[PDB]
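Accompanying notes for the structure given below.
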Ligand SMILES: CCCCCCCCCCCCCCCC(=O)O
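Chains as they are written, first to last, in the authors' numbering: chain C, 1 to 238; chain H, 2 to 118; chain D, 1 to 12, 25 to 69; chain L, 1 to 6, 9 to 108; chain B, 10 to 261; chain A, 12 to 278.
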């Protein structure tokens, strides 16, 4: 007859508790473990693998393989824009569906740097130079190459090595940001401009293409797990 | 979420009528939208559907040459155009949003189409 | 009487638990074993490559 | 193409009503029952042989297996006077059954 | 020079002249089954020179309007030498693979391929009620190819071959989580992969389970000017690594 | 699990190129932002605790709910146990190919009064029984049966008003891991069924009212919650894009990759 006294919170079912419970099959013998290749311990190892991002959403390219190719031609004027999209990895529909943006849609907060790789899928005799810029918020979108060269940029020369990594830094006032679209925690814009032209010889097709990749750095982190808004259900699956 | 159809229309035999089914409450480019026709003295009869993401339509084998389905991802609308109209095309047409396997959980309220002179 | 005294999750303190049941599949969740081996997905390559070195010789 | 055979059943208030429809061959428990109100609004009742949709009252229930199927209303009320169809989901294209309308006895 | 390799397995040799690095598995190399993990008692047969050599499949043509191809991996070698004859007389078996895709062109051509090796790739049928048959899922060392359109529901038992969903319902851009490699015709010439044995059981029957699927998808299509060579073929060679079998019975 | 911190950088003019790489090798670049610009030395106190496989999966999720009516024909439920009838637990378990966990199984039982006819119903508390029949056992066919003796099958009894019942189940499998995907057949002739329906043989779960039907019908409902503990997961996999269609297989209707915007330069 040890005297106890029960507190509020008794006989409740909180779906994220950590208790012990009596086993239904006593003295059960499980099958022994096996060395299977490819054990994942943390979900921030899936978000560190690069995946091709569909930059070219133009209302008839999403149901094709042309959503991934960025068109690049040989111009007559100079300083044109190739692409551009805001940096929202969980709300902007470019980065929304990729392997980084599918892990961020289970969580609410995120913090860290973001890598961006560009492979030049052109001919072997084609040259060119591009300007990969990133501008923090507060102003508008950069409209010239003069306005986008004042940000954090990198000049990419194509050649033997056909890739270049623009690593956006972590510039924010707060330690974390919101996955959903928020005006208080905006993150900026990522643009691309011709430095020089694409100069091709005779008997080479002048219309090349560029693929884009996205991953995370080793300082990435997430918080406050929730439910994804992409899957849906009306009746039971049978 | 509710599908809102257009009003009842009227045309000559041999003419062409274009209906509408304006969807709201959900992302339009996810689910396919089907069209069912009910003659006033019979049961319901399937016509076809359209994937709004890729604009792929597949009609029933009896309605292959008269009907034509189309959609636009901006205004969240699905249309259907009848052509070479006879007197057998006087019925009520429902638009339905197909659920998980074969179920039509949401329906329109139907438009009445009649032909005469 | 058993009583594994571990540490708690804090920012920048001990807690106590005992096991009562005879089966190992009836304990609490682990929730405090943090391990990371990301090299098998990001560099699944045979010949290792230096970062500052060019990738192709 | 599976022909879904279903014509005008009469029942009074507060009794047990049973509607049946027979398939052409084995459809393997893939049947759906719909209800068409007399102003022209259709809604799904039973999205399996027996599983009720969320928001349907407990008076409705379905049964059957193989070829013969059934739909049962155990206590007929006034708002249940409508037209009931059955629909197979085993073979392209989807075929609906003919209607079966209810009407008060005397 | 890190651009040349040389692979040797049995009485076959693969030399390459310009190439990327070689990608090994999930970090592990194919080895034999250990003694603390085995479950069958009888002694396995390890022939290991007669079955571990390079088997070359048929060649496919890369057109301009070409969408992709796929091979089911312990099924394409079911009529290849003494590897296909050991698979019939035995009940069990485990195998790791090495895969070498090769596709050569000039410095005036342009394009890109994704060579990805996906485990347990379940395909979905075109009609949403049935399952695909055996003849549509895999042919004996013949490429089954994707499409850029949608296969309609009136086809009773076929495979859904819309290429942007990769036949399994996932986004085709996110397929770079499986061990993979690109063939960029600007710099690359061949892609080499080594795959260990990945399964939830230590040994499995090889005739009712395809535990690997090789997919080749052109992301940037083949393009060339007028005058260059229009016929560009792709050739796949597979060699088993560290194979062994149990359960010897009649032929089937 | 503290994340890595940034180091200080200085202006450079050298032949060391961290930015230029080759994505054709199938290798993700390990560059850091201290290699391309001038950074200051910060130290990160951020941790990667809440992204672990234990914290991502060990949460209760509803997988089914079934209704049985007291004092009427067929007043008992059944459910062939699987995890492929809901949208949110199927999408979480199908990021990995092979899984190996325990369970923590909680039921939530409700009741509702049906439209009776007699006056002045007054019922006592209700008692329910949930029997788990392993694959091959004798199954019940009605409410008052011999099969509810439970001489060897495990079962719980529960009286209304108390805390919800909860058991715990070890790794019950034949193989070394659960398989979410299976690319194969059942028969050796490669006809018949295909896919993950071949490997799923886990039993059946029956439910009934213990109390007899006094004066008014009662319709109950039991919801079932899974919770994986001690999780190990192998071979990650891209998440599903299209919507699910059926239970037994992986059939789908195709969909676009993303939603569309009006231009390539629009923000
Ligand atoms: C208290 C009595 C009831 C006991 C019921 C035990 C139920 C066993 C559940 C087996 C877990 C199946 C997990 C799904 C496997 C998969 O991912 O394919």
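From the three backbone atoms N, C-alpha and C, an ideal C-beta is built for every residue, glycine too.
When C-alpha distances from residue 174 (chain C) are compared across C:181, C:186, C:167, the shortest belongs to C:186. For ligand 1, no non-hydrogen atom lies closer than 7 Å to the CB of residue 277 (chain A). Using a CB distance cut-off of 8 Å, residue 256 (chain A) counts as an interface residue toward chain H. Look at the region 64-98 of chain B: it has no residue with a C-beta under 7 Å from a C-beta of chain C.
By the CB criterion at 8 Å, residue 77 (chain L) and residue 61 (chain L) fall inside the cutoff. Within chain A, the residues whose beta carbon sits less than 8 Å from that of residue 77 (chain L) are 126, listed in sequence order.
In this structure, residue 86 (chain A) sits away from residue 32 (chain B), with a CB-CB distance that is not shorter than 8 Å. The beta carbon of residue 173 (chain B) sits closer than 6 Å to the beta carbons of 181 from its chain, once the five residues preceding and following it are set aside; these are given in chain order. Considered as a whole, the region 188-252 of chain B harbours 189-193, 199-204, 222-227 as its complete beta strand (DSSP E) runs of no fewer than 3 residues, in chain order. In the assembly as shown, residue 50 (chain L) is a buried residue. Its beta-carbon has 16 or more other beta-carbons within 10 Å. Within the region 99-118 of chain H, contact with chain A at the beta-carbon level (separation under 7 Å) is assigned to 101, 102. Residue 186 (chain B) sits in a helix when the DSSP states are folded into three classes. The DSSP assignment places 70-72, 81-86, 109-111, 114-120, 129-135 as complete runs of the beta strand (DSSP E) inside the region 56-144 of chain C, in order along the chain (cut-off: 3 residues). Inter-residue distance for residue 104 (chain A) and residue 249 (chain A) is about 12 Å (C-alpha atoms, whole angstroms). Shown here, residue 40 (chain B) sits in coil according to DSSP, grouped into three states, outside any helix or strand. The three-state reading of DSSP puts residue 258 (chain A) in coil, since its state is none of H, G, I, E or B.
Residue environment: residue 80 (chain B) is assigned as buried (16 or more neighbouring CB atoms within 10 Å of its CB, all protein chains considered).
In this chain, the beta strand (DSSP E) harbouring residue 65 (chain L) covers 62-67.
In the structure shown, residue 174 (chain B) falls within a helical segment according to DSSP collapsed to helix, strand and coil. Residue environment: residue 89 (chain L) is assigned as buried (16 or more neighbouring CB atoms within 10 Å of its CB, all protein chains considered). Comparing alpha carbon positions, the residue from C:130, C:153, C:142, C:234 closest to residue 74 (chain C) is C:130. The region 12-29 of chain C makes no contact with the region 211-219 of chain A; the number of CB pairs closer than 8 Å stays below 3. Annotation for residue 61 (chain C): 67 place their beta carbon closer than 7 Å to its own, counting only its chain and skipping 5 residues before and after. Under the three-state reduction of DSSP output, residue 25 (chain H) falls in the strand class. The Cβ of residue 40 (chain D) sits closer than 8 Å to at least one Cβ of chain C. In this chain, residue 264 (chain A) is not harboured by any alpha helix (DSSP H), its DSSP state being neither H nor E. The C-alpha of residue 96 (chain L) lies about 23 Å from the C-alpha of residue 29 (chain H). Around the beta-carbon of residue 111 (chain B), 16 or more other beta-carbon atoms lie within 10 Å, marking it buried. The beta carbon of residue 216 (chain A) sits closer than 7 Å to at least one heavy atom of ligand 1. Remark: fewer than three beta-carbon pairs, one from each stretch, lie closer than 8 Å, so the region 210-223 of chain C and the region 26-42 of chain L are not flagged as touching. Between residue 209 (chain B) and chain A, the shortest Cβ-Cβ separation is below 8 Å.
In chain order, 136, 162, 163 make up the part of chain B whose C-beta sits under 7 Å from the C-beta of residue 94 (chain L). The beta carbon of residue 179 (chain C) is closer than 8 Å to those of 89, 90, 91, 104, 105, 107, 108, 109, 110 in its chain, skipping five residues each way along the sequence. One thing to note: residue 144 (chain A) has its Cβ within 8 Å of the Cβ of residue 150 (chain A). For residue 167 (chain A), the shortest separation between its Cβ and any heavy atom of ligand 1 lies below 7 Å. Put simply, of A:107, A:196, A:224, A:120 the residue whose alpha carbon is nearest the alpha carbon of residue 40 (chain C) is A:107.
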